[PDB]
Amino acid sequence: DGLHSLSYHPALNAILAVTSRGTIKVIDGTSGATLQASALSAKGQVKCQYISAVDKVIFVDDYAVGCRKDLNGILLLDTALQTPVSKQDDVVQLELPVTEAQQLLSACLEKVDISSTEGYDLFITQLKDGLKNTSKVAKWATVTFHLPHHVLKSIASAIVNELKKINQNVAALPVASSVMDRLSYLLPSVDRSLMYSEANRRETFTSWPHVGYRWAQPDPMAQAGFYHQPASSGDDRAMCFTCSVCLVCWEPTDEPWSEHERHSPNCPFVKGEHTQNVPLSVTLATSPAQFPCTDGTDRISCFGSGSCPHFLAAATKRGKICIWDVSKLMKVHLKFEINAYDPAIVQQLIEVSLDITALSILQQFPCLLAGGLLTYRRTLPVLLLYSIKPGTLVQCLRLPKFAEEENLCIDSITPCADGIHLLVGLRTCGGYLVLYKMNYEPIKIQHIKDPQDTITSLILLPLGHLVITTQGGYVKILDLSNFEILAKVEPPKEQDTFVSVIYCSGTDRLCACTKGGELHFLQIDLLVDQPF
């Protein structure tokens, strides 16, 4: 069929390929066997790129940017790009693992009596068929509820209430708790009952006074089930969401788990039982998508990331640029406006419009480096140094003079593989590769003339290394020190041109993807005899 793009998860052992159909195929990296075929409920090209520095899987469709973390060695991809609903009557989509689905079904038929709930049959009917159809593919199999927000939320809450009522700890309670939290997140429109999720507990520690401790930090305590409910100024009050234990006057050497067990061994959570806890792993692995614009009306043009492990950036066709603090809950960190009539740009030009087309953030003061094509009527690709820590153009760097008349636009911007350097590529609106030294004119230049050698990918292996895929279908594994081609592998069978490539850090074998849809793996005296 064809893939048209690829990405790989190093923490996992999964190849995440895009499809021309809009789906994602997860394949085994050791045998080439399909692991799952899931649609992200997306709305143009679809991005699936995993970002190593941030250590999360970033999906992007034309409109929204979703951010999903790994869970149980698998990715919940059925609603990666699904965005929050606006009415409780809206039909929400919620994916669950096959095993967790079995727990929910088992609870409904044996343990609890939440039957007769509005649309209970549809929930049960949908759940049952998912398990039967899904009955390594099994490990990645998932079941997707398609129900009105109120129906699923009411059903999940009843299960939680009933599972809490019966008090017999079963695996459905944490799953139902996760469902309730995920539904709450999908409708954005201290209470102890709201501490069943680690994130809510984590948020409670916003006024934690012992931030200087090593293990008594806000997030570690939330992991152990504790939330901050201060009673006075500087009160280090940590209470468990379920145990009811109360702990005060913490010390630098205290550790969440140690205190909870010693102070209350009877807690179901300390013992690892099936409490109402919703860990951060499911929360990060099931967070809803987020539109970059405040309204989401536009199309997405940029999805670049940066070497900083706390930030991701995106740009819109209307000029609105969003920056997420992908750290933890992907909170939007800074949204600013791009005006072509800027003091730096209007002078560097010696009618006017500005369009951003590439994004990147530099880390060893943090700066947002976007790539754009300006169209006045002539056009000029330039660099734009904006502020992150806001909305101020520190420096606009005009690219060489020849770009003014050659009608070129930046297509990719990546920090050097070794560091303290930046490699940018320029293609026609047959290309240019320009290397900048990060500015704590370029230091190197390269021009690509052959129309069949235009770059179509970039991995920037550890000037480190480079791996590209040309228009002719030849990947040109190469070293950036002096632009030395290391290996020009050729397309298989007419020729099926290589279109992109990725490196499997879990197998040490390079992985290439063709336009046609094929996968190829590329590789990159005796003491006994002496006296005692």
# chains A, B, ... in the order shown; residues from 1 in each chain; ligands from 1
>>> residues_around(residues="segment 30-34 of chain A", least_positions_apart="5", cutoff="12 Å", atoms="only C-alpha atoms", output="ChimeraX atom specification")
/A:13-17,24-25,136-141,504-513,518-521
>>> write_last_selection(atoms="C-alpha atoms", output="CSV table (one decimal), in the first residue's frame")
chain,number,residue,atom,x,y,z
A,13,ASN,CA,10.6,-1.6,20.4
A,14,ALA,CA,8.0,-0.4,18.0
A,15,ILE,CA,8.1,1.1,14.5
A,16,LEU,CA,5.5,3.8,14.1
A,17,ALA,CA,4.8,4.3,10.4
A,24,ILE,CA,-0.9,4.2,11.9
A,25,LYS,CA,0.6,0.7,11.5
A,136,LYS,CA,2.1,-9.7,19.9
A,137,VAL,CA,-1.1,-8.4,18.2
A,138,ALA,CA,-3.0,-9.3,21.3
A,139,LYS,CA,-0.6,-7.3,23.5
A,140,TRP,CA,-1.3,-4.2,21.3
A,141,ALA,CA,-5.0,-4.8,20.8
A,504,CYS,CA,16.0,1.3,15.5
A,505,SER,CA,18.0,2.0,18.6
A,506,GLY,CA,16.7,-1.3,20.1
A,507,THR,CA,18.0,-3.5,17.3
A,508,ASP,CA,21.0,-1.4,16.0
A,509,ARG,CA,19.6,-2.0,12.4
A,510,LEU,CA,18.7,1.0,10.2
A,511,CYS,CA,15.1,0.8,8.9
A,512,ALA,CA,14.0,2.1,5.5
A,513,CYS,CA,10.5,2.7,4.2
A,518,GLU,CA,8.1,-2.1,1.9
A,519,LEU,CA,10.4,-2.4,4.9
A,520,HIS,CA,14.1,-3.1,4.6
A,521,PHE,CA,16.6,-3.4,7.5
>>> select_by_dssp(residues="segment 312-368 of chain A", states="alpha helix (DSSP H)", output="compact mmCIF listing (two decimals) with N, CA, C and O atoms, in the first residue's frame")
# COMPACT_ATOMS: atom_id res chain seq x y z
N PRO A 343 10.36 45.01 13.44
CA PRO A 343 11.55 45.86 13.29
C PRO A 343 12.75 45.16 12.69
O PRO A 343 13.48 45.77 11.90
N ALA A 344 12.98 43.89 13.02
CA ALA A 344 14.12 43.18 12.43
C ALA A 344 13.88 42.84 10.97
O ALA A 344 14.74 43.09 10.11
N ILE A 345 12.71 42.26 10.66
CA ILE A 345 12.45 41.80 9.30
C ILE A 345 12.37 42.97 8.32
O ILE A 345 12.94 42.92 7.22
N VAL A 346 11.67 44.04 8.70
CA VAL A 346 11.45 45.15 7.78
C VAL A 346 12.76 45.79 7.35
O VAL A 346 12.87 46.34 6.25
N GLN A 347 13.79 45.73 8.21
CA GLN A 347 15.11 46.21 7.83
C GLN A 347 15.90 45.17 7.05
O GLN A 347 16.62 45.51 6.11
N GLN A 348 15.77 43.90 7.42
CA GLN A 348 16.54 42.86 6.74
C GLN A 348 16.14 42.75 5.27
O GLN A 348 16.92 42.22 4.47
>>> closest_atom_pairs(of="segment 290-357 of chain A", to="segment 69-92 of chain A", cutoff="10 Å", atoms="only C-alpha atoms", output="Markdown table")
| residue | atom | partner | partner_atom | distance |
| --- | --- | --- | --- | --- |
| A:290 | CA | A:83 | CA | 6.0 |
| A:291 | CA | A:83 | CA | 7.6 |
| A:328 | CA | A:69 | CA | 9.5 |
>>> closest_residue(among="A:354, A:334, A:186, A:524", to="residue 317 of chain A", atoms="only C-alpha atoms")
A:354
>>> select_by_dssp(residues="segment 261-510 of chain A", states="strand (DSSP E or B)", output="VMD selection string")
chain A and resid 278 290 300 to 302 305 to 306 312 to 316 320 to 325 331 to 337 353 to 362 367 to 375 379 to 387 393 to 398 408 to 415 422 to 428 431 to 436 444 to 448 455 465 to 466 469 to 470 475 to 479 484 to 489 498 to 504 509 to 510
>>> residues_around(residues="residue 22 of chain A", least_positions_apart="2", cutoff="12 Å", atoms="only C-alpha atoms", output="count of residues only")
27
>>> atom_distance(atom1="atom CA of residue 246 of chain A", atom2="atom CA of residue 174 of chain A")
22.6 Å
>>> residues_around(residues="segment 209-220 of chain A", least_positions_apart="3", cutoff="6 Å", atoms="only C-alpha atoms", output="PyMOL selection string")
chain A and resi 202+205+223+234+252+255
>>> write_last_selection(atoms="N, CA and C atoms", output="compact mmCIF listing (two decimals), in the first residue's frame")
# COMPACT_ATOMS: atom_id res chain seq x y z
N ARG A 202 -0.71 15.78 42.32
CA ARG A 202 0.46 16.55 41.93
C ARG A 202 0.16 18.04 41.91
N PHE A 205 0.27 19.99 45.21
CA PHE A 205 1.56 20.37 45.78
C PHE A 205 2.10 21.68 45.23
N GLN A 223 3.12 10.29 43.38
CA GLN A 223 3.26 8.92 42.91
C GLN A 223 2.80 7.93 43.98
N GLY A 234 3.27 27.47 55.06
CA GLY A 234 4.41 26.58 55.17
C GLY A 234 4.08 25.23 55.76
N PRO A 252 14.34 15.63 54.83
CA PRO A 252 14.96 15.44 53.50
C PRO A 252 15.11 13.98 53.12
N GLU A 255 11.02 9.19 52.16
CA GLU A 255 10.67 8.69 50.85
C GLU A 255 9.19 8.35 50.84
>>> closest_residue(among="A:238, A:170, A:175, A:409", to="residue 204 of chain A", atoms="only C-alpha atoms")
A:238
>>> atom_distance(atom1="atom CA of residue 261 of chain A", atom2="atom CA of residue 181 of chain A")
26.1 Å
>>> closest_residue(among="A:193, A:327, A:392, A:115", to="residue 309 of chain A", atoms="only C-alpha atoms")
A:327
>>> residues_around(residues="residue 58 of chain A", least_positions_apart="3", cutoff="6 Å", atoms="only C-alpha atoms", output="PyMOL selection string")
chain A and resi 48-50+67
>>> closest_residue(among="A:335, A:165, A:449, A:68", to="residue 288 of chain A", atoms="only C-alpha atoms")
A:68
>>> residues_around(residues="residue 169 of chain A", least_positions_apart="3", cutoff="9 Å", atoms="only C-alpha atoms", output="PyMOL selection string")
chain A and resi 163-164+166+172-173+268+273-275
>>> residues_around(residues="residue 178 of chain A", least_positions_apart="3", cutoff="10 Å", atoms="only C-alpha atoms", output="list in words")
residues 96, 156, 172, 173, 174, 175, 181, 182, 183, 184, 196, 197, 276, 277, 278, 279, 280, 282, 283 and 286 of chain A
>>> atom_distance(atom1="atom CA of residue 386 of chain A", atom2="atom CA of residue 355 of chain A")
14.6 Å
